[PDB]
Amino acid sequence: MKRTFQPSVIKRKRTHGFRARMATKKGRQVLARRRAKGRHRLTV
Amino acid sequence: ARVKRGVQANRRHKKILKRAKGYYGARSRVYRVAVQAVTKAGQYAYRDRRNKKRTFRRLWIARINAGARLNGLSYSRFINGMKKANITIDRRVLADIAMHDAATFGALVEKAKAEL
Amino acid sequence: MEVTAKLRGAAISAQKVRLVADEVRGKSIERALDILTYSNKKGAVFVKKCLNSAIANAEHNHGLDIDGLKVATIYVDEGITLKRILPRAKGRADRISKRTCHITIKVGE
Amino acid sequence: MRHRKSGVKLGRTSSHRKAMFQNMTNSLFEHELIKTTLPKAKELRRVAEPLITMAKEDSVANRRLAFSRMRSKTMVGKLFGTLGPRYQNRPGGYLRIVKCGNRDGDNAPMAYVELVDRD
Amino acid sequence: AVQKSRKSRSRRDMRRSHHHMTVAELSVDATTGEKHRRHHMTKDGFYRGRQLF
RNA sequence: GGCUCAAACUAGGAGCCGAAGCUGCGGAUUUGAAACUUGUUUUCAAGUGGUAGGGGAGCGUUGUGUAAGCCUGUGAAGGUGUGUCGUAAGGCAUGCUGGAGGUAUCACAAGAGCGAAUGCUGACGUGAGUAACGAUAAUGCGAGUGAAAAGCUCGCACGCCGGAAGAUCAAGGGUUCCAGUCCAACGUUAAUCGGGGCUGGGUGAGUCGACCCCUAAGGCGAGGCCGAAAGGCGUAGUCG
RNA sequence: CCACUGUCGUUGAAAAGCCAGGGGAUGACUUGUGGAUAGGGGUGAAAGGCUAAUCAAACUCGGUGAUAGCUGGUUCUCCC
RNA sequence: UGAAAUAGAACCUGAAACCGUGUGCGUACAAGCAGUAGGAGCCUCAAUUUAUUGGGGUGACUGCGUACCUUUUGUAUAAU
RNA sequence: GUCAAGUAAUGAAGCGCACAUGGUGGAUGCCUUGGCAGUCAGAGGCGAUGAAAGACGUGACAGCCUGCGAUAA
């Protein structure tokens, strides 16, 4: 049957992408928190 | 001061398993089954240490009963005869005389038989 | 003396090779090879390969007459296991063990 | 039960079994020596020999009847050309089975099927 | 469905007491002198004093 | 089991068996009692089943001082046997293995003792060489190569799809595409084969698509309005 | 596009399917792409349905080692 | 080669579970927590003037004997 | 010697125990390149002269890491 993920690149970069994170105060807090953990992947 | 218990646990567990040698299956291999087999063996030994004294007297009495009945009376009349003759010989020695020297036991019965 | 050959790492279960080993144990160099070359079991190709290597070791390294040889000792051990995952129904997985075996053969007069 | 019954199933439908032995008979008539499974080798005697028997006398009806059961104009011409006048005086047993061990892939008992008299 | 206690290693091996390997019957061919399975052609094709190739 | 002037019942009598009870012999221990008097010694008396629980005395382990000591390549720790000693926890000695550390004594401090917590991690069992090997469209044979061929290549034949199980894309993926080479692992079997490993190659646009111009929904939004702060909304616009 | 009946499957081929039948099939239809509504909130031809295999209050992190008159477990030895 | 190669690259030491091989003894007429107290026989080492003891392995046969923990008035419990 | 009656021993498809010798496994012991808690001092910022974090490159040499930035170990 139809599963849950169903990928779309434009939809992925537009709801979780770098510029989507940087366009809100809380999205920049997400990025700061990924950087403090040292994650090699900030944004999808 | 971290204490690692591996060394003391190893020789502690080994001590129990060494005491469980000859047991069948897991009772001589795995500690969890061997520890309660060693304890149970010690419980049997403690009780069987009392029962041994209880079992050999049954053996002596039966041997004495056979010996007395071979020549004359029964055990119940034999012990009464020895008691009236002030003969202190224990049932252990009597059963050894009966089973190993029948001439002496024949003479020993006569002393009891003349006393009743 | 005793000439040893080892076949560490045979990709097969030890239980499957112990059956083949139990029929060549104690047999002469010649009877054991006929048993192995006409066996239908996969473990027989592994035992024959290790037996033949033990024969060459006796002929080459030890300078021993192979006509009087015999399978003096043979035992199959368990080797390292490859661990795999097998998907089952309802999203469950089991562990698959791909067992390997070590084959040790000793030939001697 | 299976009392007194004949025929093989060999894990096939009857249409598949019929086509498989038609192919085997044609292959045995061409090369005259094939290697196959022993159960298949024994059952091939019941489809291949009766074709040789009917080719012992050659006629359009017999020639057409063989082609109905073989569907190979190359082997039907060979059946009535050389196999017919080679087993004319032989009362059956036109092919022999020789066991040749077991198969490597699945340990199936193998056997060669050879036509008698220079196959 | 399933066991209530693990089988002992002894009980497991008594079930394995009929697990043997089949040993083929061999013979020596009259012509080539080679060893072969009984009622089977020799690896080079000889069976009962006859060639196959 | 078997039992009938009993091996049943009643009333008496005498023996004997019968417990970890009592006694006999040896040993330990708690409390109290006459003293070389702190276990310095000989005894005696009464005790010594035990959950919850209270009291007392100790064993072992890691670390600190003792210790720049003592032991140790003539073999440390650890491992694995054996002998021996103590009421116990446990101690000592020693054979083998091991190859570089250990630690007396007395104090001192604890990550100080495991069988259980459907405890946690790893390893390995039993079930069991059992179920199963994933659409019942289907395979047979001859050559080739190969260590090895039911599964690979070629050939003949057979079967299946054919509004697809054939073709072109978008999305998504990202080298899976082609060739050579290898078969350990992966492929639910074998594999010489592969979407596997390794090494090379391969994608050529003014016209196809994107980019680009334009805008929809919907975003963001000089100034503007509103709101403790964060921010919310919104015009021109600017993206989409 | 659905999901009415039955068999099968129930450590499945499948964490909802297959097969044989079944319903709608120009419409209050089905579907692609993008966008909007966010947790006591949303959305709901209304079943407390659905809101990422999670729903009578999502998920993640934090308060947090919440509390638990409850259940389980609780590790060397001997003497009174 | 190396002191060492059961230090050979999955490499120091190499425990246990678990799985083999060899040797000795027992085991195919006998019913159960698998032990314990006896105990014949056999096998193997050390002494001993030569089967006499002692040590080790096995355990025919006899008696007795329903695991452990927890929780309970009370558990072999077919309660955890 | 023949018969009769009575009664031993011998077995092992496999299995048990002990020992010997292995496999698996990776405990233990020893070890450390890594951490944990502090003391005494210092410092408490970096950035429009483009930061923090990255992307892609850069070598005789294929990859990754480290350095560096088309002046590119």
Side-chain angles (χ1 to χ4, degrees), chain A residues 1 3-11 14 23 25 31 35 42, chain B residues 1-10 12-14 17 21-25 27-33 35-37 39-45 47-52 54-56 58 61 74-77 79-80, chain C residues 11 13-16 18 25 73-82 86 88-92 94 96 102 104, chain D residues 12-13 15-16 19-24 26-28 30-31 34-36 40 71-72 74 103-106 108, chain E residues 2-3 5-19:
Chain A
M1 314 99 69
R3 284 300 161 203
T4 317
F5 178 39
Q6 313 309 330
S8 175
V9 174
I10 198 156
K11 264 158 76 164
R14 213 175 259 182
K25 176 175 225 62
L31 302 181
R35 276 171 178 135
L42 283 182
Chain B
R2 210 168 83 93
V3 177
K4 283 220 272 197
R5 34 202 192 95
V7 170
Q8 294 334 298
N10 175 18
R12 200 177 127 281
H13 272 200
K14 210 160 78 142
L17 288 161
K21 251 170 57 179
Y23 294 176
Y24 166 73
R27 310 174 146 262
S28 64
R29 292 157 166 102
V30 308
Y31 168 87
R32 209 176 281 246
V33 175
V35 70
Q36 77 191 24
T39 305
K40 172 59 104 160
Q43 299 175 229
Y44 280 144
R47 166 217 75 182
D48 275 12
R49 205 174 303 123
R50 283 107 185 91
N51 286 15
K52 178 172 37 172
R54 189 183 297 175
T55 298
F56 275 91
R58 293 171 105 258
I61 287 166
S74 50
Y75 170 95
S76 170
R77 277 121 40 170
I79 298 302
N80 197 19
Chain C
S13 166
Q15 298 185 6
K16 304 203 191 108
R18 299 228 179 85
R25 181 176 300 118
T73 89
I74 181 172
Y75 39 72
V76 188
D77 280 327
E78 271 148 11
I80 304 175
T81 304
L82 300 179
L86 186 83
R88 311 296 302 244
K90 311 265 196 71
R92 177 193 90 162
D94 326 293
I96 293 288
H102 306 322
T104 297
Chain D
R12 286 170 174 82
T13 68
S15 49
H16 186 182
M20 184 223 90
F21 276 113
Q22 190 179 95
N23 282 338
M24 219 167 261
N26 292 349
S27 276
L28 168 69
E30 169 170 332
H31 314 285
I34 70 182
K35 173 166 187 251
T36 184
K40 280 195 256 288
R71 304 294 304 183
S72 177
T74 305
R103 206 196 259 157
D104 166 47
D106 54 312
Chain E
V2 73
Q3 70 194 3
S5 72
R6 55 186 296 161
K7 293 187 81 75
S8 64
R9 53 173 63 74
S10 165
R11 266 290 157 192
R12 175 207 64 205
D13 303 337
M14 305 180 161
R15 187 188 55 244
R16 305 226 191 120
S17 41
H18 309 280
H19 291 178

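Throughout, a chain's letter reflects where its sequence line sits, starting with A, and its residues are numbered from 1. All values below were derived from every heavy atom in this structure, side-chain atoms included, with hydrogens, water molecules and symmetry-related copies excluded.
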Any N/O donor-acceptor pair, [X] side-chain to [N] base, under 3.5 Å:
| X | N | value |
| --- | --- | --- |
| B:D48 | H:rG63 | yes |
| B:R47 | H:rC64 | yes |
| E:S17 | I:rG14 | no |
| B:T55 | H:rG63 | no |
| C:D77 | I:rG22 | yes |

Does [X] place a side-chain N or O at less than 4.0 Å from the phosphate oxygens OP1/OP2 of [N]?
| X | N | value |
| --- | --- | --- |
| B:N51 | H:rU36 | no |
| B:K14 | F:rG81 | yes |
| C:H102 | I:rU24 | yes |
| D:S27 | F:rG142 | no |
| A:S8 | G:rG34 | yes |
| A:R35 | I:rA52 | no |
| B:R12 | G:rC76 | yes |
| A:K25 | F:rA230 | no |
| E:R12 | H:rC19 | yes |
| B:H13 | F:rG115 | yes |
| E:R9 | H:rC18 | yes |
| E:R15 | F:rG129 | yes |

Watson-Crick or G-U wobble pair, [N] with [M], both distances under 3.5 Å:
| N | M | result |
| --- | --- | --- |
| F:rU61 | F:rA110 | yes |
| F:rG58 | F:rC25 | no |
| F:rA33 | F:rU43 | yes |
| F:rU41 | F:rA35 | yes |
| H:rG63 | H:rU36 | yes |
| H:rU62 | H:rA37 | yes |
| F:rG47 | F:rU29 | yes |
| G:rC55 | G:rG32 | no |
| G:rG17 | G:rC8 | yes |
| F:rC193 | F:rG187 | yes |

Nearest whole angstrom, please: distance from the [atom2] of [N] to the [atom1] of [X].
| X | N | atom1 | atom2 | value |
| --- | --- | --- | --- | --- |
| C:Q15 | H:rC18 | CD | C1' | 12 Å |
| D:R12 | F:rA150 | CZ | P | 15 Å |
| C:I80 | F:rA123 | CD1 | P | 13 Å |
| C:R18 | I:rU24 | CZ | P | 13 Å |

[X] side chain to [Y] backbone, donor-acceptor under 3.5 Å:
| X | Y | value |
| --- | --- | --- |
| B:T55 | B:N51 | yes |
| E:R9 | B:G25 | no |
| E:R11 | E:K7 | no |

Separation between the [atom1] atoms of [N] and [M], rounded to whole Å:
| N | M | atom1 | answer |
| --- | --- | --- | --- |
| G:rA13 | F:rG129 | P | 24 Å |
| F:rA179 | H:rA7 | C1' | 47 Å |
| H:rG24 | H:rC45 | P | 12 Å |
| F:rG90 | F:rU62 | P | 14 Å |

### Message
With nearest nucleotide decided by heavy atoms, which residue, E:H18 or B:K21, maps closer to the 5′ end of RNA chain I?
### Response
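The residue whose closest nucleotide sits nearer the 5' end is E:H18.
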## Note on the structure
Result for 5'-nearest mapping on RNA chain I, choosing between C:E78 and B:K4, is C:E78
Name the closest nucleotide to the [X] side chain, picking from [options].
| X | options | value |
| --- | --- | --- |
| A:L42 | F:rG127, F:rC141, I:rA53 | I:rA53 |
| A:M1 | G:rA16, F:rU62, F:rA157 | G:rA16 |
| C:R88 | F:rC141, I:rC15, G:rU11 | G:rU11 |

#### Entry: B:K52 charged N/C atom sitting above B:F56 aromatic ring, 6.0 Å / 45°
no
#### Entry: Interatomic distance, B:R54 atom CZ to B:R47 atom CZ [nearest 0.5 angstrom]
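One finds 9.5 Å between CZ of B:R54 and CZ of B:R47.
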### Query
Any side-chain donor-acceptor pair under 3.5 Å between B:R77 and B:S74?
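Short answer, yes.
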### Message
Distance alone, cut at 3.5 Å: any donor-acceptor contact between the side chains of D:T74 and D:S72?
### Response
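Judged by distance alone, the side chains do not pair up.
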### Task
With sequence neighbours left out, write down each residue that passes ring-ring contact (aromatic ring centres under 6.0 Å, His included) with C:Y75, or none if nothing qualifies.
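Per chain and number, C:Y75 pairs via ring-ring contact (aromatic ring centres under 6.0 Å, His included) with no residue.
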### Query
Under 5.5 Å between six-ring centres and under 30° between planes, true for F:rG195 and F:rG196?
no
### Task
Specify whether both conditions hold for G:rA16 and G:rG17: six-membered ring centres separated by under 5.5 Å, and ring planes at an angle under 30°.
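The answer, once centre distance and plane angle are checked, is that they do not stack.
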### Task
On RNA chain H, check which nucleotide each of B:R29 and B:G42 is closest to and give me the residue with the more 5' one.
B:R29
### Message
Pick the closest RNA chain H nucleotide for B:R49 and for E:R16 by heavy atoms, then say which residue is nearer the 5' end.
### Response
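Counting from the 5' end, the first nearest nucleotide belongs to E:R16.
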